[PDB]
Structure formats: C-alpha cells, structure tokens
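Down below is the structure, laid out as structure tokens.
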Number of protein chains: 2
Amino acid sequence: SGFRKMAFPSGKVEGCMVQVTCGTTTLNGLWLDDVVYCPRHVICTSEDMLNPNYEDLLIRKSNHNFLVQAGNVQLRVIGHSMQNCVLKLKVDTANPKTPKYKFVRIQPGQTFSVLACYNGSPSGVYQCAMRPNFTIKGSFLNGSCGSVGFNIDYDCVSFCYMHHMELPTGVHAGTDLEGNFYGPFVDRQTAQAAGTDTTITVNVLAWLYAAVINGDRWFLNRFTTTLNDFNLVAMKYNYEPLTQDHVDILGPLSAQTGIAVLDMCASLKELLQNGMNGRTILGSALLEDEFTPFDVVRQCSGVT
Amino acid sequence: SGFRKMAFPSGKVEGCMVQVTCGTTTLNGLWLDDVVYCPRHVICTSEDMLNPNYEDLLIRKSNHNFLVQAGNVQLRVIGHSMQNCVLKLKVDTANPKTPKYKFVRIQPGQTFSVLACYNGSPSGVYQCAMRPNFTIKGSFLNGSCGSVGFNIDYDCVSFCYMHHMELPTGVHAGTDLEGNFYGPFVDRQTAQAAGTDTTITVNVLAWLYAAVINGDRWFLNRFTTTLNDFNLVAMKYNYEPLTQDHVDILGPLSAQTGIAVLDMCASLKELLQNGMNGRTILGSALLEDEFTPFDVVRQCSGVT
Ligand SMILES: O=C(Nc1cccnc1)N(CCC1CCCCC1)c1cccc(Cl)c1
Ligand SMILES: O=C(Nc1cccnc1)N(CCC1CCCCC1)c1cccc(Cl)c1
C-alpha cells in the first residue's frame, strides 16, 4: 500500500551520461553504442543564441573541437553530424555500459523519468508528464541541457526526451532523440508561446482508481454520468475530453476495483464542481494528472 | 528553474540489490562487500509472524538454506548472523559493484530516497521523509521488504533505512542497517501504534524559500513574528516547534533570498491560519514538508 510519484531506477541511464564541451559551452551528452547525442546549441556562445545559424556555426567546428568526457576518461571523436536539433558525435569506442534501448517519440499526456545532469554527472531523478501543450514542468538549471527523459520495460530503456530549453515562463522544452522538438519550440533565445495547457483527464481518473485501491474513498459517490455530460464539465474546467479510447485503457482499473469508468467520471465531475473541501487524495490537495493508467497498474502490481 | 520531489540517482544502490529466499519466503537483500543484509523475517512463514521467536527460528537454519541470487548468479553463503532485526549473510564473493558507503541512522524530519524492489529487482525510486513519528509514507507491496533508503554525497552512498513492515494503517516501518527499528515498532504481525505525527516545520519553511527562488511569491506578506508567537500557531496546527537550530540551518536560504527567517515564519503563520485560498505553491495545494533545507539548496544549486 501507499502511492508515490515513482521514477524508474536511473542506473541504466547513468552509465550513458557524458560531458560535452565545445569551446566555452558545456552540457550533457548521451553515449549509446559509438554515438554521443547532445543538444546542438553546444556549438553556440550566449551571444549566438539570439538567432543562431547552426549550419554556419557547425561548419567552423571539427571533430577535435568536441570534447567528450565520460566521468574522467576522454572519448576520441571521429565524426560529427547534426540531425534536426541534436548533434551526433561518432566516438571510436562503444559505451560498454550501453543498455538495450529504443528512441521513441512519446505522446502528450504520457509520463517518463528525467535524470537531471550537470557536467555529465547525475544529480537526481524525478517522474514527469509531457503536458498536452508539449512542455514539461521539470527542475533544470544552467548546464542541465542534455539531461534525458526515458521509460524502462524490463531491460530496455526507451529514450523519449532530451532537455534543451527553459521558456521565459519557467516551463521546459526539448526534443525526441532524433532532435525534433516536442511542440512549436525552436532552439533560440526568443519568447515562445507554449499553447493553452489542459489537465490530462485519463491520468486523473487513473489516479482516482489508485486512491480507491489504497484506501482513499471519500470522493466516491452514488452518481454516474455519460461521456457527453462529463465532457461538458471537462470543457468548463480545462480538462482533455474523455474518449472511448481513454475508457478502454481504464479497463484494468475499472475491473480490479469494480467501479465503472463513467461512475469514476461522476466522482471527478463532483470534485471538479465542488473542490476537495479541505480534504486530500493520496496526500495531494489537488487533482493529480502525472500518473497514466499504465503507471498506476505497474506501481499497484509491483512490475520490476 | 522549477522544483521537483527529486530522488538521488539509484544506480549505485541497484548494483547491490539481491534476492534472498529462505524456505518459502523471498525478499530483498543488500549486497555490500562480502555481506548480504536483509530483514530477519526472511526466516519466517506467514504463520510464524504472529509472535516469532527469531532466535529459535534461526537455529533451525543453515548457511545452505539462505538462497541469495544477484540478478541471475547464485552467491555462496559461508556465514549467517542476526543483528537486532537484520540478518547478515556472509558470502564468499565481495560485490564488485559495491560503492563507497556508510550506515547512518537518520533523524526524524530528514529525507532519503527509496529504491523499491521485488525479488531483488528494482521497480522504482522515490524521495521520502522519515516522519517525526518514525514511520515513512512509502509505496511498498508484498515482497518489497529489504528495499533500502539512502542519501548520496558525491560517490558515497549513506544507507539509512531498510523496509520491514507495513502497519495496519498503511504507513511503513523499518530499521537502520544495523537492524534497529526507527520508532517503537517490532517485527511482528500485531497492531502497533505509530505516535501522533507532526508537520516538519523547518522543511515547510525551506520549501517556502524554494518557492520564492522559483517565482511563487503570492504568500509573502508585510508581517513578521517571533519564535514564541510562531510556536503558539505551530502548536495549534500540529507543526514541530521551531528552534534556533532550525533558524540557523535556514541561514543559507534566508541569505540568498534576503527574507529573514522570522519573516518567512510570518508567511507560514498566515498560510496556517488562512489556508491557500484555492492557490498553489510549486504545484502543490498544501504545505510540503518533505524537502529539508539541504535538499532545497542542493536542488537550487545543482549539486551532483
Ligand atoms: O534554456 C537554456 N538553458 C537552461 C537554463 C535553465 C533550465 N533549462 C535550460 N538555454 C541556455 C543555453 C545556452 C547558454 C549559454 C551558452 C550557449 C547555450 C537556451 C536558451 C535559448 C534556447 C535554447 Cl534551445 C537553450
Ligand atoms: O509488512 C509486511 N509486508 C509488507 C506488505 C506490504 C508493504 N510492506 C510490507 N510483512 C509481511 C512479511 C511476511 C509475509 C509472509 C512470509 C513471512 C514474511 C510483515 C508482517 C508483520 C511484521 C513484519 Cl516485520 C513484516
């Protein structure tokens, strides 16, 4: 029993963190096989970031300008290429600690763990959600660029995020491991609008199921609702509209608890319209949307 | 910017997790050097747990009865000894992945990361606080016993907790790495009272400083208070009384932000007496007490 914002064990990802220095700029890199992945802005100075011409900036750089340090040992760079907003530095040595991995582009609403790094050294690990507006509410300071987001299915690490930028609003923006930004963001020191964000409805419902499993039941009621009725309330409170796909993915939790999905929606409708009335659900005084239905099942069953 | 409930990177601790089986009972072990540490209740069956005579139960066991599996390889047990509520199994091989480590008994109010494990396999990592009543609000299921709590200063892992028991109230109880329980708990299937818990005042104040640093300032006011006045309010709202030692440890944050400790106490007094009025602080709709002053400084500065 109990329910926590659980991160994946960071071990397999720690063994891939390296420091990348190009000129005066230092950030984090991801060493998988004989390739080091890092944000392309490693080739910039603070001055260049206003409107960098990355093609031109990269042209003035050679393999020997990219200093890659794995803990304390130097890696020999034999190739360099820019793919979208990432630099791929071919090294002469394959990382002996490379785990089984995939590069995946996660969907908005999906969660992942972040291993925050500075100078190729890990500082901490936390569990995040990719917001519906493609930003993340991380904890990142200067030098955190290159820190990655990931998920782990048994021995396979699926890399999904690489940290690039902090928007002037304090939220974070980054790319998949092919350098494609999540959202409309560009790697430039300019004010960039993150779209209107919404609450991930399916995740809140999953977290309401986790609360039922762990004892918190005060929010349960004698009501039911329809997808149409629930969606009118979801619209009013800036919640993602619930679809049959979300209901279908909530199947396992509905079956384990015996609480129909639309009955749980009715509880969420009352919590939305009336608040928590000074009460808490799983230690939180608000509706938590950073646990997917899969995260709840994994944590409640003990999937290692 | 941003502020998250950050766990330490779990890598150094993952390399020490083993599975321990004695008869029909399987739990987690901690392999450091040539010793495997696990909860002594590994020698019990469900039936024995009502009032186990561990001395007698251990007497019926030999080195060959303790099956220790590190991932997939078997460890040869050459010795066994009970120290308080832990079993120390001497193995013939030193763990090649043993990091620099210490065994420390943490104080109530201090925080640590937990690497939740099942069958010697890690499932996740979360950041916890040792409650003032010596319980932890973890996420642990059957088989999680043996999962450890720890802190990391550069390359040294300080082990502070080992999971043993879930109280009938859903909270968790365990020992330091010498087998001494935190709190009045005994490793027996009996209803055991966890004392009246309080909120860790110094940690809430540290988290109020973290909010100021990260932009959340709405709670700041034109008021100040005294330690005496603040403590009358702390008493009324079940908060640990604030002492000069707590004020002294808040020094760094007070100096970085320019907000005197007693001024921040005055903000906490108004939040206690008036609530949050439908507002949030660092994404939380309640007063967070699971970040110590040191955790806030570490996260805000980027200590790896
Ligand atoms: O956001 C950034 N950093 C940051 C700070 C806090 C948290 N998360 C990240 N940067 C700064 C990167 C530059 C620093 C000076 C040397 C050249 C690299 C940034 C600025 C604009 C666009 C991009 Cl893509 C990145
Ligand atoms: O709390 C326990 N487990 C648990 C479950 C969920 C979360 N955290 C832990 N146990 C169960 C251990 C017994 C299970 C059957 C075989 C013999 C070992 C326990 C029961 C009484 C006292 C003690 Cl010390 C431990």
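A short reminder: the numbers here are calculations on the coordinates, not readings from a lab. Ideal geometry is used to build each Cβ from the backbone, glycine not excepted, and the neighbour counts take in all protein chains shown.
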What is the dipole size for the stretch A:198-301, taken about its Cα centre, with +1 at each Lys and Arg Cβ and -1 at each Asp and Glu Cβ, in debye to the nearest 20?
-> 320
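Counting only DSSP beta bridges with both residues in the stretch B:36-170, what percent are antiparallel, rounded to the nearest 5? Show your work: numbers first, answer last.
Details: 30 of 34 bridges.
Of the beta bridges lying entirely in the stretch B:36-170, close to 90 percent run antiparallel.
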Computed label-point distance, nm, for sites B:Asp197 and A:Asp153 using a 7 Å Cα→Cβ extension = 3.6
Quick calc, B:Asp33 & B:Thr169: beta-carbon distance into FRET formula, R0 45 Å, rounding 0.05, result 0.80
Say we join alpha carbon atoms closer than 10 Å with springs in a Gaussian network model of chain A; which of A:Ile152, A:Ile259, A:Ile106 then has the biggest fluctuation?
-> A:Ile259
Within the stretch B:258-295, whose backbone N sits under 17 Å from a point 7 Å along Cα→Cβ of B:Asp229?
-> B:260-274
Where the Cα pairs of the stretch B:1-138 fall when distances are cut into 5 Å bins, in % = 2, 9, 17, 20, 19, 16, 11, 4, 1, 1, 0, 0
So how do B:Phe150, A:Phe223, B:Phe294, A:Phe134 line up by other beta-carbon neighbours within 10 Å, fewest first?
-> A:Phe223, B:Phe294, A:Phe134, B:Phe150
What is the set of long-range amide H partners of A:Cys145 at a cut-off below 5 Å, with H atoms built 1.01 Å from backbone N?
-> A:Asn28
Run down the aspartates and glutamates and flag those whose C-alpha is under 14 Å from the C-alpha of B:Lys12, throwing out any fewer than 8 positions away in its chain.
-> A:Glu14, B:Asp33, B:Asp153, B:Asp155
Is there a pair in B:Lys5/B:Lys100; A:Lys137/B:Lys102; B:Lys61/B:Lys102 whose C-alpha atoms are over 32 Å apart, and which pairs would that be?
-> A:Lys137/B:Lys102
What residue among B:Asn65, B:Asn119, B:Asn203 shows peak mean-square fluctuation when chain B is described by a Gaussian network model with Cα springs under 10 Å?
-> B:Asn65
Magnitude of the Cβ-charge dipole (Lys and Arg +1, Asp and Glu -1) of the stretch B:180-245 about the Cα centre, nearest 20 debye, reported as 180
Expressed in whole Å with the largest first, what are the equivalent ellipsoid semi-axes of the protein assembly as shown derived from the C-alpha gyration tensor as the square root of 5 times each eigenvalue?
-> 37, 33, 26
So what's the gap between the Cα centers of the stretch A:31-70 and the stretch A:229-293, to the nearest angstrom?
-> 44
Taking each full run of DSSP H in chain A as one helix, which ones are at least 15 Å long along their axis (Cα atoms) and have mean Kyte-Doolittle hydropathy of at least 1.6?
-> A:201-213
In sequence order, calculated HN-Hα J values of the stretch A:89-100 (Karplus, 6.51, -1.76, 1.60; Hz; x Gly/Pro) = 9, 6, 9, 6, 10, 7, 5, x, 9, 5, x, 5
Of A:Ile136, A:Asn63, A:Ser254, which is farthest along the charge dipole of the protein assembly as shown in the positive direction, counting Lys and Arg as +1 and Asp and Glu as -1 at C-beta?
-> A:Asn63
Fewest-first ordering of B:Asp34, A:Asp33, B:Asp92 by Cβ atoms within 10 Å yields B:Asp92, A:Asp33, B:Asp34
Relative contact order, percent, chain B [alpha-carbon distance under 8 Å, six or more residues apart] = 17
Scoring the stretch A:198-301 by relative contact order with C-alpha pairs under 8 Å, at least six apart, yields a percentage of 47
Please work out the Cα center distance from the stretch B:162-181 to the stretch A:149-188, rounded to the nearest Å.
-> 38
Report, in deg cm²/dmol and to the nearest 500, the calculated mean residue ellipticity at 222 nm for chain B, where each DSSP H run with n ≥ 4 adds -39500 (n - 2.57) and the sum is divided by the residue count.
-> -6500 deg cm²/dmol
Provide a whole-number value for the mean count of partner chain Cβ atoms within 10 Å of the Cβ atoms in peptide B:64-71.
-> 0
Amide H within-cut-off set for A:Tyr118, under 5 Å, with H built and near neighbours excluded = A:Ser123
Starting from the amide H of A:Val157, placed 1.01 Å from N in the peptide plane, find each other amide H under 5 Å away whose residue is 5 or more places distant or on another chain.
-> A:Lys100, A:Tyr101, A:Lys102
At A:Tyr237 and A:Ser81, where each label point lies 7 Å from the Cα along Cα→Cβ, what is the point-to-point distance in nanometres?
-> 4.9
For the stretch A:15-99, give the magnitude of the charge dipole about the Cα centre (Cβ charges: +1 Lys/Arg, -1 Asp/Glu; no others), in debye to the nearest 20.
-> 180
Scattering from the C-alpha atoms of chain A alone, worked out with Debye: what is log10 I(q)/I(0) at q = 0.08 1/Å?
-> -0.41
